[PDB]
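Novice: So that we are looking at the same thing, I have put the structure below in structure tokens.
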Amino acid sequence: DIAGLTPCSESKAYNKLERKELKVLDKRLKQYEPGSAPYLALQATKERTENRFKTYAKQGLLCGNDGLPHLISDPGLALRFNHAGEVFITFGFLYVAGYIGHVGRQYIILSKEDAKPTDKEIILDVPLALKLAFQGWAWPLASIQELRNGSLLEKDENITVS
Amino acid sequence: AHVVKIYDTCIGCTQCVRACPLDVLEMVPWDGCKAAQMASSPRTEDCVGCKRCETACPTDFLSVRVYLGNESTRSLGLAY
Amino acid sequence: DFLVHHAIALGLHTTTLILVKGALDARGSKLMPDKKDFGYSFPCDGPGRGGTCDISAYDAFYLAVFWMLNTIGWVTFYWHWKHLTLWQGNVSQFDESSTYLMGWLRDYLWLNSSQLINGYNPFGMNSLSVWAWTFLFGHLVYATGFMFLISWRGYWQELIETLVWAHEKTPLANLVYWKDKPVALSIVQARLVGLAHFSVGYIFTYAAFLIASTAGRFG
Amino acid sequence: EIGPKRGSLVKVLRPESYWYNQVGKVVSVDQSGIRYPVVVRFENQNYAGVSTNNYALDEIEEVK
Amino acid sequence: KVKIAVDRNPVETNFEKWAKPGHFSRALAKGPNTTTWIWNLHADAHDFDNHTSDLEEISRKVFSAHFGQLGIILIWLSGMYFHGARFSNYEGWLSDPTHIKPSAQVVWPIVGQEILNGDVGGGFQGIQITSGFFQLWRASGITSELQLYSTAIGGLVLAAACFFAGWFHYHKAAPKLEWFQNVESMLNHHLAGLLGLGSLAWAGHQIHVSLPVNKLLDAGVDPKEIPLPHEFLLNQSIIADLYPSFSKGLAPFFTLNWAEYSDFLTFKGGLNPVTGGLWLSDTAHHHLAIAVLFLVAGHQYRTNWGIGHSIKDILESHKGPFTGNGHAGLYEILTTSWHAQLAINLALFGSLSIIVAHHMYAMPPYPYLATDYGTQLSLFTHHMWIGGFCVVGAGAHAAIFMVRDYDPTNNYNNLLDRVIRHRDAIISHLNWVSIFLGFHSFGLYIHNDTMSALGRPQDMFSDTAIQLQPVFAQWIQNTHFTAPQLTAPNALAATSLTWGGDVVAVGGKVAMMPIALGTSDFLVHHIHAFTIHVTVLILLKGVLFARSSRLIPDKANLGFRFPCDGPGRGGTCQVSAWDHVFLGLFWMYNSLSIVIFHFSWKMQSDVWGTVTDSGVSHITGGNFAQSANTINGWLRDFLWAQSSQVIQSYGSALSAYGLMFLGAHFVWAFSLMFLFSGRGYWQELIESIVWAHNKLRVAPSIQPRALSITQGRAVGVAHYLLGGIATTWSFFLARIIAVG
Amino acid sequence: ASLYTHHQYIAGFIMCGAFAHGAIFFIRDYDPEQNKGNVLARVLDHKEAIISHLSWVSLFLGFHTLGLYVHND
Amino acid sequence: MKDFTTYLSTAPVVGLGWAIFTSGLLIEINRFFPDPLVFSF
Ligand code: CLA
Ligand code: CLA
Ligand code: CLA
Ligand code: CLA
Ligand code: CLA
Ligand code: CLA
Ligand code: CLA
Ligand SMILES: CCCCCCCCCCCCCCCC(=O)OC[C@H](COP(=O)(O)OC[C@@H](O)CO)OC(=O)CCCCCCCCCCCCCCC
Ligand SMILES: CC1=C(/C=C/C(C)=C/C=C/C(C)=C/C=C/C=C(C)/C=C/C=C(C)/C=C/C2=C(C)CCCC2(C)C)C(C)(C)CCC1
Ligand SMILES: CC1=C(C/C=C(\C)CCC[C@H](C)CCC[C@H](C)CCCC(C)C)C(=O)c2ccccc2C1=O
Ligand SMILES: CC1=C(C/C=C(\C)CCC[C@H](C)CCC[C@H](C)CCCC(C)C)C(=O)c2ccccc2C1=O
Ligand code: SF4
Ligand code: SF4
Ligand code: SF4
């Protein structure tokens, strides 16, 4: 009940929308036999809709004036209340993104220490790429240990015109 | 017309005189390169500005430069 | 308003990127180090070294005018829709239909344009007809600007040469002659005329729609 | 004799060249008193497509 | 002299060349120093003329590529048959063609996506198709899905055979140049064998298997009780019951008493009143005549038996007084260059596709096709776009030939030399005609716009006020209507119901209603003529000036696909022949969009609709004559009045069309970024990003360059055409499916 | 509405002109020997850093605003 | 055999190995686990 919003568990617009979708899906049930493939498909879609509304609700998710769930993003404001899960868990993307970056940077540096590193880019060295992909699980430790040693950057060896 | 200039970083490969389609550049003797010849441009009034000499220049940076300027009947490539 | 504010931030940073890059890399770059010796508005530096089309700072500003127009169009679309939904007591329309772009195109560009295009139909006309006329006039100016933006000078130079031959070898019209030789517009001039046509159409079309859609259903 | 050792990697110091602050291998050094006798060769091509250029004696520095 | 010259085992079959990606050209074998090497590798993959100058090697490469294309087409055709066999509702649609909508694609329920599986009727749900495959499968008898399954399997077998044939003819038995240069033999076998035997075999299929659709399926017989097609082929009594002439048994054919086969070889001018399409007996008699015509046509040229003609002699025997020599080296031009033949073939192929588009909506040939507005509008629009793309390609390859394979030695005073000699007169006249058509065809629209805006509706070009009537087309329509009474006595009625007076309707919906012409038809026809003239102006200028212009006299040595010739002479950007094709592509899009818009609005406002007891009511309000005279009428009554289905399409079954609509708009808006900007800006921006990567030592080994000057133009025109065409596609499909 | 739209479009054109004249200043009257090592010559030394960070911010906002809009759509 | 396995390292290793793996992983996650708008905390 922050930023003027209300929990999805006590909102009339949320229930109104839920019944609307359950009704528009149920209107298509009369056009088919009670035991065929379109009937089974429509029944599976109805079960998924009921489960999603139940899953979206009772999990601290709150909506505002229209039944649509809103998301709290300020840390602290999302930590003082049970709203950390909605967007404060940015560390999942940061982990996968840093994993991709560390694997690519390790492949660029290692491949450059070879005669003509070009054809190694158009024709990947798959045993070296697979070995470097499964070796970068602890990428933040390698990043902090490669920064203190100064092996992450260059001093002044850049094609500049400044 | 356009102003063409030839800098001292020329190597005398004679490629700009071969790439010029209006006979603007020439090769004069010089004593500052291995080929002992440097390009020149006596017929500057016939420069059209297609910049083929700059593409034919192999040194970095280009020894020949075509600075565009005022246009005349010859530099505008008009046939009428 | 969150997403629209982020769209405004995107437009501001992109226009600033184009203008700041064109200002800092104005006196030289690695592709052309003696750019400062060529002035501020030159066509290019030939098709050599890969090609140097649109390399001057004038060209960079030219490219930034489009981004400025897009950013101002986004901020004015946002302002007009929020006030358009607040003035009619239907503030819940924009708040629930402004999240998706289809909602933007339907409830903003398609719904508020019902009275503008009805300025003149086969059943007569009304006060909004002048706005309806200039609403299409802006579209025509915009489309003419796309011509100078897409088509480049060499194609037009050959075309003008054929027209010169036609006027010289034709009877009863060869008596007159041009005092100055006809030639195609230059590369920089073509970019400037196209930008002027693009900006004029972009301004006239939105002014017509804004005044008509507001004047048409309000006071 | 006046230029660097043939076959030694050097660094370019021409502020308007495409290989500024780069490392190139010296292929030959002329001994005729010309303005730019140190000829170098680089692994990466320039915007035009060439990969070699000749520099002077003052615009050539040893690598790191 | 005509023999089979084959050269066995010329190229090994290994994967050694698959290792090195750039190997066909001598320039890409050095490897990829800059990112432009990847784009060069893709753009030079099929330019066989750049691979070598060996005409025999070039001919062998194109001969194997043809087989690869045939295998790809056969795989696609087999896929359509398999989808109609397993993931469709063809059996349900076969018993109710006027109430169940076609569907041959089912989507899996992953993220949402159940909504796309729309209820098409018949106890089935899937994507509604607009290809007309069900109507085609109805036209040639096909009852169950086992026949569609067998057709899919047989086509896959033929596809594997075509791929094997390509590998065989390029690696195991390659032909020779003396084998490829037998144009008389190729024309004789393509006219006599391919077209003639194809029409004869299809006539035989329509004479024996297309029997349920012409006699039992249309009579209301349930498709399960219909005898199998082989029963009609073996049992003569079961076919004699349907058509009594079959009781004669090849006797009137050989005894020249063809009048006895008058029941299954009819000449009925019209449509079937139960299905809406042409009569199957008429289409069968049609194919039989075409087969005889082509079989007698394939015996014109001389090959190895003396009798016949010589194409070189026929060309050299045509010399007139206004063309100097004329047709002197045309045989040498057409027998040694592939681009010349490709330009001629592409031009006639695209024009043929446009003919197909007109005749299909005019005379509907499939059962229950005219009452399926979605498939009708879809087929017309698709064939029109394919035809326009092919004509622009013809204009491209003619310039390619003129730049590469044009030798000014074998052409001294022929038609090609004379045409290149008065190119200035040709281009100047086409220029004037273009401008005149533009003023007289667009100023009328702008004039009606100003007259309607100023409050003066009596001063505009309309039917009520000052009019312009297309009297020539009105007279041709009248001639075709009253033609089966005097100039076609054996024909039962007119060849089409487009100019008639009898509206036919199947299932309550109109099939083919007479079409009237007024002032708006005159205005839109002049609009079409104007856009066609501008497109032909851009293409013809490019071809005639691709060799050497008066501005740039050495344009031939510069190549075909080049950026410009520097900023000299004020500027020479896009002066190459390739650039003219790029400009042409744009004008072809602008022309065909107006053509398909005119078709959709005219059909929806004057032919299609639904008939009741108190008259016929069209789809729209019949506002084609009172709303097409103004530009505001189009933007208001066509794009704004229609497209409301596309706009309100969210949450429905056709929800993908709104997404495709918005998505197509983004691609078109994305094309402008590549089309207005240059290259130096992007190269300097890429330089700054390279500095950022060098600071962290993530500099790519292959230095990252910007796109080429011609690559940026190519990317921009591809994105522009994709966005505009996909926008019109989503709009047309959603509107006609939700309305028709 | 007309006053707000008018003032915002005028402000956009003037803002583009400011940067245009800054580029004209750098090309026409910027002598590097006069102000050596100051802030004007110092911001020119890391122009690649400034331009690259502007490129990163623009790419971030574009990718995410377009992605959120298309996802909701 | 060496030429075939080295041919398989140019464009398929990046456009059909990773694309198929990533697409299949995201699709199977969204198939067994239905539609995820929060961390379910
Ligand atoms: C091709 C486009 C086109 C055409 C055909 C017309 C035609 C017409 N307009 Mg018009 N108009 C147009 C575009 C066009 N307009 C546009 C774009 C606008 C908006 C700017 C307007 C705005 C407009 C207004 C405001 C008005 C008209 C009016 C008229 C009518 C009388 C105008 C007039 O002065 O008579 C024609 C005068 C001429 C000098 C015509 C010359 C004819 C030439 C010489 C062809 C004949 C010779 C030819 C070359 C044959 C060759 C012979 C050989 C021996 C060489 C007329 C039928 C008036 C009207 O009331 O309508 C009824 C009127 O008030 N128009
Ligand atoms: C709708 C048209 C359109 C679009 C989408 C863009 C998009 C972009 N412009 Mg641009 N521009 C346009 C029109 C457009 N422009 C026009 C008309 C002009 C005037 C000529 C300009 C002039 C211009 C300049 C001068 C510059 C830009 C820049 C940029 C980039 C800004 C970075 C960003 O915002 O993050 C990304 C925003 C996006 C919208 C990304 C689009 C890609 C999405 C993710 C789709 C991905 C495809 C998907 C994975 C499927 C791929 C498969 C497919 C190939 C089959 C961006 C990609 C600036 C730049 O380079 O930034 C560094 C810059 O310098 N533009
Ligand atoms: C793994 C390689 C790699 C790495 C470590 C980086 C790292 C970086 N890039 Mg970058 N980039 C890459 C590849 C890479 N890039 C490629 C292939 C392109 C061409 C599409 C770009 C184009 C690019 C631009 C235009 C910009 C950056 C920028 C940046 C910096 C800002 C952070 C960011 O995520 O920006 C965004 C990165 C991207 C949008 C690229 C995403 C595409 C994927 C991740 C690359 C695929 C890599 C491949 C899988 C590795 C092979 C693995 C190996 C085992 C075979 C950062 C240091 C920004 C900058 O200037 O610095 C501040 C910037 O503006 N990059
Ligand atoms: C009467 C004999 C005959 C027949 C039926 C054909 C038929 C065909 N020829 Mg061919 N041709 C023939 C004789 C014949 N040719 C002779 C004698 C010569 C030497 C002068 C040529 C030289 C020739 C060339 C140079 C080319 C063709 C091509 C083609 C194909 C055109 C594809 C098309 O447009 O759509 C029609 C498509 C179909 C009808 C699908 C049918 C597919 C089946 C498998 C075709 C089988 C017919 C085959 C000729 C049978 C004999 C071969 C046998 C050993 C198996 C087509 C299948 C083009 C091609 O190669 O395309 C691959 C082409 O480039 N022909
Ligand atoms: C071009 C395609 C085509 C085909 C394939 C057929 C085929 C057929 N028609 Mg026909 N027809 C056609 C077109 C065609 N028609 C057209 C265009 C018309 C005019 C509109 C007609 C009008 C017509 C009439 C009026 C009749 C037929 C009839 C027939 C059937 C018997 C005819 C017959 O006995 O002749 C002769 C058959 C042969 C000489 C046999 C061919 C020799 C065999 C295949 C050799 C194989 C031997 C091999 C060496 C060894 C065997 C292998 C073994 C060891 C495994 C037959 C199935 C009759 C019918 O209705 O049938 C019930 C009949 O009444 N047709
Ligand atoms: C709406 C935008 C637009 C417009 C109006 C035009 C207009 C024109 N284009 Mg064009 N073009 C465009 C976009 C546009 N283009 C784009 C985006 C591209 C990129 C693909 C091209 C590429 C292109 C090419 C390659 C060519 C043209 C050509 C032409 C001219 C052909 C003339 C003609 O036959 O018709 C008639 C002309 C008109 C109808 C112009 C409108 C005039 C109206 C009627 C006003 C009437 C006069 C008015 C009353 C007087 C005003 C009074 C005022 C002074 C106070 C024409 C003037 C061709 C050409 O040069 O001509 C041979 C040519 O080859 N265009
Ligand atoms: C960049 C913009 C953007 C963003 C932010 C999102 C975000 C989201 N989209 Mg969306 N989408 C987008 C663009 C975007 N989309 C576009 C452009 C389209 C059109 C193509 C779509 C179409 C679309 C559809 C159709 C759907 C979504 C859905 C979703 C939600 C899916 C959550 C999920 O994937 O499950 C979870 C995924 C994973 C867990 C991946 C696993 C990765 C590895 C294995 C785990 C990571 C490591 C782990 C965290 C451990 C780290 C340790 C650490 C703590 C240290 C999510 C909130 C779905 C939804 O449910 O809507 C709410 C869905 O239906 N999107
Ligand atoms: C309906 C199609 C368009 C209508 C208007 C077409 C006119 C515009 C172009 C004319 C350019 C004139 C230069 C001719 C160039 C020329 O003189 O070529 C020469 C030709 C005579 O040449 P020879 O006899 O020497 O040629 C013999 C050998 O070359 C044989 O290959 O004369 C003609 O073409 C007569 C036809 C005049 C024009 C007839 C129009 C042809 C269009 C199709 C037929 C239309 C008939 C009426 C149908 C309505
Ligand atoms: C008190 C207050 C506050 C605060 C505020 C502040 C802190 C301020 C500001 C502000 C700002 C911060 C502003 C600004 C802006 C800026 C701009 C807009 C810019 C610019 C620049 C330019 C445009 C440049 C040009 C040039 C160049 C390019 C280079 C050199 C030369 C020249 C200079 C010419 C607050 C809100 C919290 C609250 C309320 C009150
Ligand atoms: C059509 C066209 C031409 C030809 C255009 C010409 C010759 C323009 C002249 C036609 C008439 C005279 C224009 C009418 C003038 C205006 C109505 C008023 C201008 C007067 C103001 C200065 C007051 C080019 O020169 C060109 C150059 C570079 C890229 C694209 C193109 C291009 O597309
Ligand atoms: C933007 C632009 C560039 C820059 C073009 C570039 C940098 C090409 C970009 C190619 C990209 C990298 C291809 C791959 C696209 C995406 C990475 C695909 C997304 C896939 C994700 C799922 C990973 C030009 O070089 C150019 C040249 C001439 C006229 C106009 C332009 C022009 O407009
Ligand atoms: S720009 Fe062209 S005409 Fe002038 S000197 Fe260079 S090559 Fe010759
Ligand atoms: S092309 Fe350049 S280096 Fe060669 S002669 Fe001409 S100016 Fe000198
Ligand atoms: S602007 Fe024109 S002349 Fe200059 S490089 Fe580009 S295409 Fe060539």
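Just so we're on the same page: first chain in the structure tokens is A, next is B, and so on; residues restart at 1 for each chain, and ligands are numbered from 1 in the order they show up.
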Can you build me a table of chain E residues sitting at most 9 Å from chain A, with the closest atom pair per residue and its distance in Å to one decimal, using only C-alpha atoms, sorted by chain and residue number, as CSV?
Specialist:
```
residue,atom,partner,partner_atom,distance
E:19,CA,A:123,CA,8.5
E:20,CA,A:123,CA,8.9
E:21,CA,A:122,CA,8.7
E:31,CA,A:119,CA,7.0
E:32,CA,A:118,CA,6.7
E:33,CA,A:118,CA,7.0
E:109,CA,A:45,CA,8.5
E:112,CA,A:45,CA,8.7
E:114,CA,A:45,CA,7.3
E:119,CA,A:28,CA,8.4
E:121,CA,A:31,CA,8.8
E:123,CA,A:32,CA,6.5
E:124,CA,A:38,CA,6.6
E:125,CA,A:38,CA,6.9
E:687,CA,A:159,CA,8.4
E:688,CA,A:160,CA,8.4
E:690,CA,A:159,CA,8.3
E:691,CA,A:158,CA,6.3
E:694,CA,A:158,CA,6.3
E:695,CA,A:153,CA,5.5
E:696,CA,A:153,CA,4.8
E:697,CA,A:153,CA,6.3
E:698,CA,A:105,CA,5.7
E:699,CA,A:108,CA,7.7
E:700,CA,A:108,CA,7.0
E:701,CA,A:118,CA,5.6
E:702,CA,A:118,CA,5.7
```
Novice: Please produce an output containing N, CA, C and O atoms for each residue in the selection, written as a compact mmCIF listing (two decimals), in the first residue's frame.
Specialist:
```txt
# COMPACT_ATOMS: atom_id res chain seq x y z
N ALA E 19 35.92 -25.04 -46.11
CA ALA E 19 36.70 -24.51 -45.00
C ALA E 19 36.97 -23.03 -45.19
O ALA E 19 36.67 -22.21 -44.32
N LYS E 20 37.53 -22.68 -46.34
CA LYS E 20 37.80 -21.29 -46.65
C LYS E 20 36.52 -20.66 -47.17
O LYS E 20 36.04 -21.06 -48.23
N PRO E 21 35.94 -19.68 -46.46
CA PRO E 21 34.68 -19.09 -46.95
C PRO E 21 34.84 -18.27 -48.22
O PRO E 21 33.99 -18.37 -49.11
N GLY E 31 41.56 -13.33 -47.16
CA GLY E 31 41.00 -13.36 -45.83
C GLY E 31 40.35 -12.04 -45.45
O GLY E 31 40.38 -11.07 -46.21
N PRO E 32 39.77 -12.00 -44.25
CA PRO E 32 39.07 -10.79 -43.78
C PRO E 32 39.83 -9.78 -42.94
O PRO E 32 39.75 -9.88 -41.72
N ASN E 33 40.50 -8.82 -43.58
CA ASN E 33 41.25 -7.79 -42.81
C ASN E 33 40.26 -6.82 -42.16
O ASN E 33 40.46 -6.49 -40.97
N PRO E 109 1.03 -23.50 -28.11
CA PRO E 109 0.74 -22.68 -26.93
C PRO E 109 1.96 -22.46 -26.04
O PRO E 109 2.19 -23.14 -25.04
N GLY E 112 1.49 -17.08 -24.29
CA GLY E 112 0.20 -16.69 -24.89
C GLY E 112 0.06 -17.55 -26.13
O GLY E 112 0.12 -18.80 -25.97
N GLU E 114 -2.34 -18.74 -27.94
CA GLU E 114 -3.56 -19.56 -28.14
C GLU E 114 -4.59 -18.75 -28.93
O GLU E 114 -5.41 -19.35 -29.65
N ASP E 119 -10.85 -19.72 -34.20
CA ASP E 119 -11.91 -20.69 -34.50
C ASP E 119 -12.35 -20.49 -35.94
O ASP E 119 -13.14 -19.60 -36.24
N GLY E 121 -13.97 -22.77 -37.70
CA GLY E 121 -15.14 -23.55 -37.98
C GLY E 121 -14.81 -24.98 -38.38
O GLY E 121 -13.72 -25.30 -38.83
N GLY E 123 -14.96 -27.67 -36.25
CA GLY E 123 -14.28 -28.39 -35.20
C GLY E 123 -12.78 -28.31 -35.29
O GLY E 123 -12.09 -29.26 -34.93
N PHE E 124 -12.27 -27.19 -35.79
CA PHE E 124 -10.84 -27.01 -35.96
C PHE E 124 -10.50 -25.56 -35.69
O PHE E 124 -11.34 -24.68 -35.86
N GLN E 125 -9.27 -25.32 -35.25
CA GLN E 125 -8.83 -23.97 -34.97
C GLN E 125 -7.39 -23.80 -35.42
O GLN E 125 -6.54 -24.63 -35.10
N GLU E 687 34.76 5.05 -35.04
CA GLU E 687 36.11 5.31 -34.53
C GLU E 687 36.09 5.60 -33.04
O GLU E 687 36.96 5.11 -32.29
N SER E 688 35.11 6.38 -32.59
CA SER E 688 35.01 6.67 -31.15
C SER E 688 34.70 5.40 -30.34
O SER E 688 35.25 5.19 -29.25
N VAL E 690 35.56 2.40 -31.20
CA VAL E 690 36.78 1.60 -31.25
C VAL E 690 37.74 2.05 -30.16
O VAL E 690 38.42 1.23 -29.54
N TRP E 691 37.78 3.36 -29.89
CA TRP E 691 38.61 3.85 -28.79
C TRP E 691 38.14 3.30 -27.46
O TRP E 691 38.96 2.91 -26.61
N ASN E 694 39.26 -0.25 -27.16
CA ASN E 694 40.70 -0.32 -27.00
C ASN E 694 41.10 0.02 -25.57
O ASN E 694 42.13 -0.46 -25.09
N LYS E 695 40.31 0.85 -24.89
CA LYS E 695 40.61 1.19 -23.50
C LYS E 695 40.46 -0.03 -22.59
O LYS E 695 41.15 -0.12 -21.57
N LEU E 696 39.59 -0.96 -22.94
CA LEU E 696 39.37 -2.17 -22.16
C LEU E 696 39.99 -3.40 -22.80
O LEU E 696 39.80 -4.51 -22.28
N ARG E 697 40.69 -3.23 -23.93
CA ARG E 697 41.38 -4.29 -24.68
C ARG E 697 40.42 -5.33 -25.24
O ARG E 697 40.71 -6.52 -25.24
N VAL E 698 39.28 -4.87 -25.74
CA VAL E 698 38.29 -5.76 -26.33
C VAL E 698 38.19 -5.38 -27.80
O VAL E 698 37.12 -5.48 -28.42
N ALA E 699 39.29 -4.88 -28.35
CA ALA E 699 39.33 -4.46 -29.77
C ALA E 699 39.18 -5.71 -30.65
O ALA E 699 40.03 -6.61 -30.54
N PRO E 700 38.15 -5.79 -31.52
CA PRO E 700 37.97 -6.96 -32.38
C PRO E 700 39.20 -7.16 -33.28
O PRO E 700 39.73 -6.18 -33.78
N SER E 701 39.60 -8.42 -33.50
CA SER E 701 40.79 -8.71 -34.34
C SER E 701 40.54 -8.19 -35.76
O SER E 701 41.47 -7.58 -36.33
N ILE E 702 39.33 -8.39 -36.28
CA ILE E 702 39.00 -7.86 -37.64
C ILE E 702 38.51 -6.42 -37.42
O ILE E 702 37.42 -6.25 -36.86
```
Novice: Please check the contacts: residues of chain A at most 7 Å away from chain G, using only C-alpha atoms, listed as a PyMOL selection string.
Specialist: chain A and resi 59+85-86+122-124+126
Novice: Hey, list the chain E side of the contact with chain C: 8 Å cut-off, only C-alpha atoms, answer as number ranges by chain.
Specialist: E: 424-425, 427-428, 449-450, 452-453, 455, 457, 549-551, 563-567, 570-575, 580, 583, 626-627, 632-633, 635-636, 640, 647-648, 658, 662, 675-681, 683-685, 687, 708-709
Novice: Could you please extract the residues within 7 Å of ligand 7, counting only C-alpha atoms and all ligand atoms, and hand them back as a PyMOL selection string?
Specialist: (chain A and resi 91-93+95-96) or (chain E and resi 111-112) or (chain F and resi 63-64+66-68+70-71) or (chain G and resi 26+29-30+35-37)
Novice: Identify, on the basis of only C-alpha atoms, every residue whose closest approach to residue 18 (chain B) does not exceed 12 Å; exclude the query and any residue fewer than 3 positions from it along the same chain; express the result as a VMD selection string.
Specialist: chain B and resid 12 to 15 21 to 27 39 52 to 57
Novice: May I have the residues of chain F within 8 Å of chain C, counting only C-alpha atoms, written as a PyMOL selection string?
Specialist: chain F and resi 1-2+5+8-9+12-13+16+19-20+22-24+26-28+44+47+51+54-55+57-58+61-62+65+68-70+72-73
Novice: Kindly determine which residues of chain E lie within 6 Å of chain G, considering only C-alpha atoms, and give the answer as a compact mmCIF listing (two decimals) with N, CA and C atoms, in the first residue's frame.
Specialist:
```
# COMPACT_ATOMS: atom_id res chain seq x y z
N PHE E 15 34.98 -31.27 -48.98
CA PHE E 15 34.64 -30.13 -48.14
C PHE E 15 35.84 -29.21 -47.92
N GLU E 16 36.89 -29.36 -48.74
CA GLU E 16 38.09 -28.54 -48.61
C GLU E 16 37.79 -27.08 -48.91
N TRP E 18 34.91 -25.75 -48.50
CA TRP E 18 33.95 -25.28 -47.52
C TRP E 18 34.65 -24.68 -46.31
N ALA E 19 35.92 -25.04 -46.11
CA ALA E 19 36.70 -24.51 -45.00
C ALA E 19 36.97 -23.03 -45.19
N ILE E 110 2.81 -21.51 -26.43
CA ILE E 110 4.06 -21.25 -25.64
C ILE E 110 3.87 -20.01 -24.75
```
Novice: Any idea what's packed within 10 Å of residue 317 (chain E), counting only C-alpha atoms, ignoring anything in its chain fewer than 4 positions away? Could you give it as a list in words?
Specialist: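 Residues near the query, excluding close chain neighbours: residues 311, 312, 313, 326, 327 and 328 of chain E.
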Novice: Please, which residues of chain B lie no more than 10 Å from chain D when the count uses only C-alpha atoms, and can they be set out as number ranges by chain?
Specialist: B: 8-11, 31-34, 36, 54-62
Novice: Looking at only C-alpha atoms and all ligand atoms, which of B:44, B:70, B:37, B:63 is the one that sits closest to ligand 12?
Specialist: B:44
Novice: Quick one: pick out all alpha helix (DSSP H) residues within region 168-217 of chain C from a backbone DSSP run and write them as a PyMOL selection string.
Specialist: chain C and resi 168+187-217
Novice: Quick one, how far is CA of residue 200 (chain E) from atom 13 (C, counted along the ligand's line) of ligand 5?
Specialist: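 Here the two named atoms are 7.1 Å from each other.
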Novice: Give me, as a list in words, the residues of chain F touching chain A, with the criterion being at most 10 Å (counting only C-alpha atoms).
Specialist: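 Selected residues: residues 41, 42, 43, 44, 45, 46, 47 and 48 of chain F.
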Novice: Just checking: using only C-alpha atoms and all ligand atoms, which residue out of E:166, E:193, E:704, E:71 ends up closest to ligand 4?
Specialist: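 Looking only at the distances to ligand 4, the closest residue turns out to be E:193.
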Novice: For ligand 1, list the contacting residues at 9 Å or closer, counting only C-alpha atoms and all ligand atoms, as a list in words.
Specialist: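 For ligand 1, the residues inside 9 Å are residues 436, 437, 438, 439, 440, 441, 442, 443, 444, 445, 446, 447, 448, 449, 450, 451, 454, 456, 458, 459, 460, 461 and 466 of chain E.
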Novice: Quick check, in Å to one decimal: how far apart do CA of residue 260 (chain E) and atom 25 (C, counted along the ligand's line) of ligand 5 lie?
Specialist: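 Taking CA of residue 260 (chain E) as the start and atom 25 (C, counted along the ligand's line) of ligand 5 as the end point, the length is 9.3 Å.
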Novice: For ligand 4, collect every residue having any atom at a distance of at most 7 Å from a ligand atom (counting only C-alpha atoms and all ligand atoms); output as a list in words.
Specialist: residues 63, 66, 67, 70, 158, 162, 179, 180, 182, 183, 185, 186, 189, 190, 192, 193 and 194 of chain E
Novice: For residue 589 (chain E), find every residue with an atom within 9 Å (counting only C-alpha atoms), except residues of its own chain fewer than 2 positions away, and show them as number ranges by chain.
Specialist: E: 385, 388-389, 584-587, 591-594, 721, 724-725
